[PDB]
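S.K.:
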Amino acid sequence: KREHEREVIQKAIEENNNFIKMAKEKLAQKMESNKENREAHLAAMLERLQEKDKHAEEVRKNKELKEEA
Amino acid sequence: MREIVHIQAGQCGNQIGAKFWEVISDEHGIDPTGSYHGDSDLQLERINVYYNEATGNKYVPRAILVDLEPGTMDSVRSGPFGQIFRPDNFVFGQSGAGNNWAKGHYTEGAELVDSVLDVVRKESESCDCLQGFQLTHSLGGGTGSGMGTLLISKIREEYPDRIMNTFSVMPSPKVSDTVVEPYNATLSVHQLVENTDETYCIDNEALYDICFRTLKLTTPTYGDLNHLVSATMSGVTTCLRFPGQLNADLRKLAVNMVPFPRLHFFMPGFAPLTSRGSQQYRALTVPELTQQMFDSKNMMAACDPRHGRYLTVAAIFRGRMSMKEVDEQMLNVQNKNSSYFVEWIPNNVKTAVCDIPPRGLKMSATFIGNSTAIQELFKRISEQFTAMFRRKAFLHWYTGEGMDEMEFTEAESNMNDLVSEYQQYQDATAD
Amino acid sequence: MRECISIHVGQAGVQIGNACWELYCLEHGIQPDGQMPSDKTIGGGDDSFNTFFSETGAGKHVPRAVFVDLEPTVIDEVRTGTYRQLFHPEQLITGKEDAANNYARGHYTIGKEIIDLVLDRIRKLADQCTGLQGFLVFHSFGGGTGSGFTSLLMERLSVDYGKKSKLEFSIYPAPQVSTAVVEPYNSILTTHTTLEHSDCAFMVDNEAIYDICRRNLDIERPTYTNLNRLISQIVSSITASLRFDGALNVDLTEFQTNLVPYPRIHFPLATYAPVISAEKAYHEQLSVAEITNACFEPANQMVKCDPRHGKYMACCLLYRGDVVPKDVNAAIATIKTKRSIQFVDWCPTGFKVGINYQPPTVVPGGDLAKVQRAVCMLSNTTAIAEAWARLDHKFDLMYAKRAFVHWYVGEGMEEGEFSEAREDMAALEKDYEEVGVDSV
Ligand SMILES: Nc1nc2c(ncn2[C@@H]2O[C@H](COP(=O)(O)OP(=O)(O)OP(=O)(O)O)[C@@H](O)[C@H]2O)c(=O)[nH]1
Ligand SMILES: Nc1nc2c(ncn2[C@@H]2O[C@H](COP(=O)(O)OP(=O)(O)O)[C@@H](O)[C@H]2O)c(=O)[nH]1
Ligand SMILES: Cc1cccc(C(=O)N2CCC(C(N)=O)CC2)c1
Ligand SMILES: Cc1cccc(C(=O)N2CCC(C(N)=O)CC2)c1
Ligand SMILES: [Ca+2]
Ligand SMILES: [Ca+2]
Ligand SMILES: [Mg+2]
Ligand SMILES: [Mg+2]
Numbered sequence: 075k076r077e078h079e080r081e082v083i084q085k086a087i088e089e090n091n092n093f094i095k096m097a098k099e100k101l102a103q104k105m106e107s108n109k110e111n112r113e114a115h116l117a118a119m120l121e122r123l124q125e126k127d128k129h130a131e132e133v134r135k136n137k138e139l140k141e142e143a
Numbered sequence: 001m002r003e004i005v006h007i008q009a010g011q012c013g014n015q016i017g018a019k020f021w022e023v024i025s026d027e028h029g030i031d032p033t034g035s036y037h038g039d040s041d042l045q046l047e048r049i050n051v052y053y054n055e056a057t058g059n060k061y062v063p064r065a066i067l068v069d070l071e072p073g074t075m076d077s078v079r080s081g082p083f084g085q086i087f088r089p090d091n092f093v094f095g096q097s098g099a100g101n102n103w104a105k106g107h108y109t110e111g112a113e114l115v116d117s118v119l120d121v122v123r124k125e126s127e128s129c130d131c132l133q134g135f136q137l138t139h140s141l142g143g144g145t146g147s148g149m150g151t152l153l154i155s156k157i158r159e160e161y162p163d164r165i166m167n168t169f170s171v172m173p174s175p176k177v178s179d180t181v182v183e184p185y186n187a188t189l190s191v192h193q194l195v196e197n198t199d200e201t202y203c204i205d206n207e208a209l210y211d212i213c214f215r216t217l218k219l220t221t222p223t224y225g226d227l228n229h230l231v232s233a234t235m236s237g238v239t240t241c242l243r244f245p246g247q248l249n250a251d252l253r254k255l256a257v258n259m260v261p262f263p264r265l266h267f268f269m270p271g272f273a274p275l276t277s278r279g280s281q282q283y284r285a286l287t288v289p290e291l292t293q294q295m296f297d298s299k300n301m302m303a304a305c306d307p308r309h310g311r312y313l314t315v316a317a318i319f320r321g322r323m324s325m326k327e328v329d330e331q332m333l334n335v336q337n338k339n340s341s342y343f344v345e346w347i348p349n350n351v352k353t354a355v356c357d358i359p360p369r370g371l372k373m374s375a376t377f378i379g380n381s382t383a384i385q386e387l388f389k390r391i392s393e394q395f396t397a398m399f400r401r402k403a404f405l406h407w408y409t410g411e412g413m414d415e416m417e418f419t420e421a422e423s424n425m426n427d428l429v430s431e432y433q434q435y436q437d438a439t440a441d
Numbered sequence: 001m002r003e004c005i006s007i008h009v010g011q012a013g014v015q016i017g018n019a020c021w022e023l024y025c026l027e028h029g030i031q032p033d034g035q036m037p038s039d040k041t042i043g044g045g046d047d048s049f050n051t052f053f054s055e056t057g058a059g060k061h062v063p064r065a066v067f068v069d070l071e072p073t074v075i076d077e078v079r080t081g082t083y084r085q086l087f088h089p090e091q092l093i094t095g096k097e098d099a100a101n102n103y104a105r106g107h108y109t110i111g112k113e114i115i116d117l118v119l120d121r122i123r124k125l126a127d128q129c130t131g132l133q134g135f136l137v138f139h140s141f142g143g144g145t146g147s148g149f150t151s152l153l154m155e156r157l158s159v160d161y162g163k164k165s166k167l168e169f170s171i172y173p174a175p176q177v178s179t180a181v182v183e184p185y186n187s188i189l190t191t192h193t194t195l196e197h198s199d200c201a202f203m204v205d206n207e208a209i210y211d212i213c214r215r216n217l218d219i220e221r222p223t224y225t226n227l228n229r230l231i232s233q234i235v236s237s238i239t240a241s242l243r244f245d246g247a248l249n250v251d252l253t254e255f256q257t258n259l260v261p262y263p264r265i266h267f268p269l270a271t272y273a274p275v276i277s278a279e280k281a282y283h284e285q286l287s288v289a290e291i292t293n294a295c296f297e298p299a300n301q302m303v304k305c306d307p308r309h310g311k312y313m314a315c316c317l318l319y320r321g322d323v324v325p326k327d328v329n330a331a332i333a334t335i336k337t338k339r340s341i342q343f344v345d346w347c348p349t350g351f352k353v354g355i356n357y358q359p360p361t362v363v364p365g366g367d368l369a370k371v372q373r374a375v376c377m378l379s380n381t382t383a384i385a386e387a388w389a390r391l392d393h394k395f396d397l398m399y400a401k402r403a404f405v406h407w408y409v410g411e412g413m414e415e416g417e418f419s420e421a422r423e424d425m426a427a428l429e430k431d432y433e434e435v436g437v438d439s440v
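The listed protein sequences correspond, in order, to chains E, D and C.
Residues in the first sequence are numbered consecutively from 75, following the deposited numbering.
So the second sequence is residues 1 to 42, 45 to 360, 369 to 441, counted in the deposited numbering.
Residues in the third sequence are numbered consecutively from 1, following the deposited numbering.
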């Protein structure tokens with residue numbers, strides 16, 4: 075009976091520690107996944123704006139080619 | 001404080017921008033010299051949203067004036083509230099835009115944009131917590147349309163997580179006979195679909211009709227048209243400037259008003275609208291005020307909401323009135339017209355109330379609609395665009411600046427796609 | 001010993017917290033400066049009210065509370081209001097930019113910048129407790145902070161305090177006073193994320209409170225102030241077992257044993273009486289029988305639903321004021337004969353009763369009449385799932401078109417989180433059906 079009593083309380087400790095551990099890991103995974111996602115969305119936005127700037131340089135460059143002719 | 005930085009570009013942008021600052025200055029008790037002389041603490047509670055506070059308790063509009071010619075801004079500086087603006091916030095060239103979107107966006111405007119960003123950056127660095135920006139401009143000219151959209155994307159690059167808001171004046175042959183306005187407008191809409199979070203569509207077509215049909219002004223001037231614009235701009239910014247629970251900042255308004263990123267073009271409306279000659283036999287009632295703000299005749303965009311469906315709506319009532327009655331009448335108009343509100347966005351109409359009425371009125375109602383009927387406006391522009399582009403008329407103005415026909419075709423398709431998308435959600439059903 | 005730490009999150013949580021702590025001070029005789037002349041033990045003690053108030057050596061009685069909001073304007077009114085001396089400055093925590101009615105900003109983009117400071121402040125409160133019992137978390141379902149930041153905080157509290165009990169007072173959205181179209185999204189997201197971290201949650205349907213104010217108090221257009229005064233009375237009834245001592249007093253945790261038969265089935269339905277104006281209460285003494293019968297009037301429930309269309313798994317009566325068991329027993333006998341209260345077949349049918357003798361109190365300038373006796377019924381009925389069903393239906397209408405979803409994805413969330421949360425809600429609705437079916 076003493077052996078069973080020890081197993082019960084160790085079981086209670088283990089499941090509480092495992093709940094904490096699971097919750098900590100899930101939150102770390104979600105916050106990392108969220109950070110990467112938001113950063114990727116911003117990166118795509120800025121990359122589209124940069125392509126516009128590139129296109130702008132091409133337009134001004136194209137005006138010189140026809141003004142020299 | 002949640003600061004907004006205001007930019008006005010080109011003739012139309014500076015004209016309507018100046019009136020906006022005159023009107024809200026009067027509402028907040030700020031005189032032309034920047035001193036406060038109001039009589040209500042509600045005027046100053048959120049004053050920092052639009053004004054800086056300098057030495058001597060002066061209030062300076064957080065506003066930047068941009069143009070490629072000095073003419074309009076010189077008259078603004080000489081206007082009533084001209085001395086209120088920060089002198090170092092006037093940025094202007096000399097060459098002008100000549101009503102050419104390419105010169106404003108790629109040529110002359112690109113030469114000046116960096117000096118504009120230097121001023122924007124200075125205003126943003128002295129902000130406790132910058133919300134975002136609001137731009138006033140026309141789409142039919144060269145500077146506001148071309149350089150305005152350029153400023154939008156350059157600011158977007160440096161403040162990618164801030165809210166970008168514009169008041170865009172749509173061209174109409176009833177007001178201006180400049181032939182290339184459909185070109186400039188379509189090219190501008192191309193940029194606005196991608197780079198702004200919310201756009202108030204100020205339609206010169208609707209402003210003229212209101213002045214001529216409703217206000218009975220046979221010869222409407224730009225001053226007449228700007229009275230409607232300034233009254234509309236005061237109304238749609240009320241929730242940002244006074245203590246309020248609903249849509250109290252640019253981002254919460256966008257989250258409430260924009261269910262799909264590209265469909266961020268709003269139809270503004272105002273009530274009451276009455277001519278000086280019409281006698282008001284009885285004070286306006288809440289039911290009449292509510293019914294009037296939902297009528298096509300009171301819309302600042304030449305679109306009939308009964309030709310489409312509402313995705314979202316923001317209403318703002320100003321003045322002393324029964325909130326119980328406002329609630330009942332807003333429920334009534336939604337129940338009586340349920341067919342015109344999409345069923346798959348429940349509770350899509352939100353109502354704000356501010357105790358402080360506009369100048370001269372005891373009560374007013376301001377309307378902000380995200381209606382699929384806005385496609386009528388874009389259809390009008392697309393029809394004028396293709397009538398000129400299918401002949402390739404006047405393209406040398408733009409190709410001479412470096413552009414090619416491909417960019418015209420892409421802007422045309424993007425605007426035509428925007429119309430198809432409005433129709434898509436108009437026809438969508440819950441079942 | 002047995003201390004309880006209250007956490008008020010977002011505008012709704014903070015403003016309801018204002019009303020609750022003002023009411024507590026009036027019930028206990030604590031002045032706006034924190035002094036309590038009747039408390040003869042200076043700087044400490046183990047009195048029942050010490051579960052909610054610590055004490056300084058200077059005689060100040062300080063709420064065991066943290067206020068948190070992602071913008072400052074609401075908490076700023078506390079910092080400058082009537083009870084500003086009640087709280088230490090570090091108990092009131094604000095950011096600059098709020099969650100903009102976006103769960104993703106409250107849980108991630110904005111919330112992550114302040115979550116560590118919030119936890120450090122909660123730890124300072126916990127360190128002063130000799131036997132911390134748990135947390136009480138007040139928040140809206142619909143706001144970006146109330147939904148997103150609350151769920152982040154609840155996850156972090158499970159990690160930092162293990163299975164230490166966490167109870168919620170959650171404000172369920174109503175169109176009459178709602179401020180965001182996406183409140184159904186935020187509600188499902190936070191309910192899913194918080195479900196395994198909450199031991200017990202009392203939902204307060206703003207539409208039920210709104211109707212009660214209009215119907216029973218003759219308030220034409222109730223404001224947040226009207227609503228929060230009533231909510232505070234219900235909160236006070238529920239926590240009174242923790243703050244007052246009495247022979248007939250029954251601890252909230254003992255009611256909890258009966259109220260929660262399975263971990264997920266932890267949403268009691270609260271009903272409160274009497275709600276009456278001073279003009280109607282004048283010369284009209286409402287007896288134990290009268291306020292008890294009102295508990296089973298659906299119009300007096302804190303959540304709109306029809307218990308007659310579900311099954312009971314528990315019924316608890318929390319009385320306060322001039323009430324003795326004899327009158328309770330007689331009142332219950334009457335109800336047991338005129339209302340068919342149907343229990344599931346696997347649950348005992350006896351009502352659980354507690355009595356706190358301290359009479360109810362009212363805040364000056366309020367709408368509720370002062371009464372000699374009041375009661376809050378806490379029942380576990382399958383009918384409360386009606387509230388989930390209404391929310392889930394609004395969610396489904398919008399999500400089928402992905403309306404507004406880009407606002408959440410833009411802040412880093414994935415569509416998979418929406419379907420995962422919605423599936424958990426569907427399973428929860430199914431759980432509530434299952435527990436009501438009779439045993440084989
Ligand atoms: N009963 C009650 N409900 C409130 C109160 N304040 C806000 N609400 C409700 O809460 C919901 C909105 O959430 P809020 O608490 O205002 O938002 P928040 O938590 O501050 O989050 P964000 O402002 O988006 O950062 C709406 O359903 C409101 O009706 C209040 O003081 N009392
Ligand atoms: N409502 C209004 N519209 C204007 C005003 N000024 C110009 N517009 C319109 O704007 C278009 C011309 O653009 P404009 O602003 O003059 O070009 P820009 O100065 O190069 O940016 C035309 O369609 C005009 O009708 C004004 O003060 N009010
Ligand atoms: C973690 C855990 C462990 C045991 C039970 C639950 C639980 O809440 N239910 C809901 C009720 C359902 C039923 N009896 O039909 C069974 C599962 C959760
Ligand atoms: C009938 C009887 C006889 C003797 C003692 C009691 C009694 O004080 N309680 C406490 C309250 C409990 C309850 N159901 O709330 C029932 C037992 C009741
Ligand atoms: Ca003491
Ligand atoms: Ca199940
Ligand atoms: Mg011009
Ligand atoms: Mg808030």
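Just so it is clear, CB atoms sit at the ideal spot from N, CA and C, and this is done for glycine as well.
Between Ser38/C, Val363/C, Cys295/C, which lies nearest to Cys315/C when the distance is taken from Cα to Cα?
M.R.: Ranking the options by Cα distance to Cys315/C, first place goes to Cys295/C.
S.K.: Anyone know if the C-beta pair for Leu195/C and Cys213/C falls short of 8 Å?
M.R.: Contact flag unset, no.
S.K.: Taking only beta-carbon atoms, is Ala118/E less than 8 Å away from chain C?
M.R.: Not one chain C Cβ lies under 8 Å of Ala118/E.
S.K.: Just how far apart, CA to CA, sit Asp427/D and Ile110/C?
M.R.: Approximately 35 Å, taken between the alpha carbons.
S.K.: Within the 8 Å Cβ cut-off, does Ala130/E reach chain D?
M.R.: So, interface residue.
S.K.: Kindly indicate which residue of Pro261/D, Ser170/D, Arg284/D, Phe399/D has the alpha-carbon position closest to the one of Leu387/D.
M.R.: Checking every option, the nearest Cα to that of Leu387/D belongs to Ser170/D.
S.K.: Anything in chain C within Cβ reach of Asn108/E, meaning under 9 Å, just list it in chain order.
M.R.: Those are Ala104, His107, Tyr108, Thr109, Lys112, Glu411, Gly412, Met413, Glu414, listed as they occur along chain C.
S.K.: In the DSSP output, what is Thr234/D paired with across the bridge?
M.R.: For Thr234/D, which the question treats as bridged, DSSP gives no partner whatsoever.
S.K.: Hey, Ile24/D and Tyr52/D: beta-carbon distance below 8 Å or not?
M.R.: Cβ atoms of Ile24/D and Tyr52/D: closer than 8 Å.
S.K.: Tell me, please, which residues DSSP counts as bridged to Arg320/C.
M.R.: BP columns for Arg320/C point to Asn356/C, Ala374/C.
S.K.: Could you check whether the Cβ of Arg221/C sits closer than 8 Å to any Cβ belonging to chain D?
M.R.: Yes, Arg221/C counts as interfacial toward chain D.
S.K.: Measuring alpha carbon to alpha carbon, tell me which residue in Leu189/D, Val355/D, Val5/D, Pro89/D is nearest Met413/D.
M.R.: Nearest C-alpha to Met413/D: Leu189/D.
S.K.: Please determine, among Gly146/D, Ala112/D, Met373/D, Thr439/D, the residue with the shortest C-alpha to C-alpha distance to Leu397/C.
M.R.: Nearest option by C-alpha distance: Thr439/D.
S.K.: Which full runs of the beta strand (DSSP E) of 3+ residues lie inside the region 149 to 188 of chain D, going along the chain?
M.R.: You should have 165 to 172.
S.K.: Could you tell me whether the Cβ of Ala400/C comes closer than 8 Å to any Cβ of chain D?
M.R.: Chain D, which has a Cβ nearer than 8 Å to the Cβ of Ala400/C, makes this yes.
S.K.: Answer yes or no: do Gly412/C and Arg112/E have a C-beta to C-beta separation smaller than 8 Å?
M.R.: Yes.
S.K.: Against chain D, does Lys137/E count as a neighbour if the rule is that its beta carbon must be under 8 Å from one of theirs?
M.R.: For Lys137/E, the answer is yes, since a Cβ of chain D falls inside 8 Å of its Cβ.
S.K.: Short of 8 Å Cβ to Cβ, which residues in the region 230 to 248 of chain D face chain C?
M.R.: The residues in question are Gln247, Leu248.
S.K.: Identify, in the order they occur along the chain, each residue of the same chain with its Cβ nearer than 6 Å to the Cβ of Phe94/D, setting aside the five sequence neighbours on each side.
M.R.: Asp69, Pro72, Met75, listed in sequence order.
S.K.: Assign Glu279/C to one of two classes, buried (16 or more other C-beta atoms within 10 Å of its C-beta) or exposed (fewer than that).
M.R.: It is exposed - the Cβ of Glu279/C has fewer than 16 other Cβ atoms within 10 Å.
S.K.: Please list, in chain order, the chain D residues whose beta carbon lies closer than 8 Å to that of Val9/C.
M.R.: Neighbours of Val9/C on chain D: none; closest Cβ ~18 Å, over 8 Å.
S.K.: With respect to 7 Å, is the separation between the Cβ of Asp431/C and the closest non-hydrogen atom of ligand 3 below this value?
M.R.: It does: the Cβ of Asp431/C is within 7 Å (strictly closer) of some heavy atom of ligand 3.
S.K.: Who are the near neighbours of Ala303/D in its chain, counting only those whose CB is closer than 6 Å to its CB and skipping five residues on each side?
M.R.: Contacts found: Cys203, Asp205, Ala208, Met269, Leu387.
S.K.: Bridge partners of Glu168/C, per DSSP?
M.R.: The partner list for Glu168/C (beta bridge, DSSP) reads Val137/C, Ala201/C.
S.K.: Please confirm whether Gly13/C and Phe138/C have their CB atoms less than 8 Å apart.
M.R.: Cβ distance < 8 Å, so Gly13/C and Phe138/C count as in contact.
S.K.: With a CB to CB cut of under 7 Å and the five nearest residues on each side skipped, what residues in its chain are close to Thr201/D?
M.R.: Cβ neighbours of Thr201/D beyond the five flanking positions: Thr168, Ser170, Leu194, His266, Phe267, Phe268.
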